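Shown here is one chain on its own, the form deposited in one PDB entry, set out as structure tokens.
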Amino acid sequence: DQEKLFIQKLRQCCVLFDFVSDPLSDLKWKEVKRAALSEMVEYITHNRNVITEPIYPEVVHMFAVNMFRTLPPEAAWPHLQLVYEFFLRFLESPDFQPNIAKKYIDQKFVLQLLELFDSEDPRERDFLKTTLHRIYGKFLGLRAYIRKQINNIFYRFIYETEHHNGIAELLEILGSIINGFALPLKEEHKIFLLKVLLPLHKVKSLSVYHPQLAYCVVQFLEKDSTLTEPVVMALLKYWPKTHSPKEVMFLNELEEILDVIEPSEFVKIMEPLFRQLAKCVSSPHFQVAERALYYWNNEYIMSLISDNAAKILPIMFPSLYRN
């Protein structure tokens, strides 16, 4: 019976071992366990209807025993990478039924998985990123708990200085959610964009998670072009008043906001924008000015400028125009 041997090899991978007086049995045990994982990865990726009901607790148990650990202030990445892979192909499988898995993938599991985002291994955080994205898309009953617990991590990172190596990869997930949001946006989300996503531009380690943060900010305005006024005004607030090469990030974000800005809302914030933008063209840092002047290579911006030339050119070149 094949279903029995599947469970045997699963439980076999729940035995964590160590040999200090036998460096060869250790290697075999590793190789025996690395091989059993590979065998199961192939078995589940290519065979149809092999995922039966008794399997689910075995898989979640095998994942929890290997992955849910304590992160040192990993080394056996060959093994850890196979586990995430197997668990990933297990979620993606067409034989996967969330109604049965909902029993064993509870909130405690999701919580424990989020602890691992603090890990300092980019390749591990990349597997955790993908894994959490499959859970959200199939476990409707966990979508709320995840948002609440992610909204917690961010709140801890801005205010309580709870540094997190996983901020970048968490934002990347949120963008996948924001892009699929529903008709009127809930106030729960608006608050998050305003009272969480924008204050993220305030933290010092912005250099690491800025591209993904900007994506979420743009995806929010792509849905509801109502929030483009408080977004832009906040960015000019959080704008580094100190002339620094970190302005290039804001110019990037602002040009990315302008490529999707609704012209009816552009005029609502076009004056305070260019006052700052003119300051950038006058910056003592070439990279800042070079970037602000690269705005003109944007055709949709030029149209927005010429259709409002009466207000812009006075600000950009006050020597040459008046009001």
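Throughout, rigid core stands for the largest set of C-alpha atoms superposing within 1.5 Å between the two forms. The first residue of the shown sequence is 1; numbering continues from there.
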| item | value |
| --- | --- |
| Deposited-sequence gap flanked by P73 and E74 | 10 or more |
| Selected stretch [higher average CA B-factor]: 176-184 or 125-133 | 176-184 |
| Of 186-194 and 110-118, the stretch whose C-alpha atoms average the higher B-factor in the entry | 186-194 |
| Identity of residue with top Cα B-factor, from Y84, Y159, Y209, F90 | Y159 |
| Among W296, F63, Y43, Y56 - the residue whose C-alpha B-factor is largest in the record | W296 |
| For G166, the third of its chain into which the C-alpha B factor falls | lowest |
| Chain third (lowest, middle, highest) by recorded CA B-factor, residue given as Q2 | middle |
| Entry-reported Cα temperature factor of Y155, expressed as the chain third it lands in | highest |
| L227 - which third its CA temperature factor falls in, relative to the rest of the chain | highest |
| Third of chain Cα B-factors occupied by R48 | highest |
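Omitted here: the form deposited in another entry. The next part is about that form.
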item	value
Flagged residue of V41, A292, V60, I51 - C-alpha shift reaching 2 Å or more between the shown form and the other one, core superposed	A292
After fitting the core, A278 CA displacement of 2 Å or more between the shown form and the other one	yes
C-alpha of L313 moved at least 2 Å between the shown form and the other one on rigid core	yes
C-alpha of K30 off by 2 Å or more between the shown form and the other one on rigid core	no
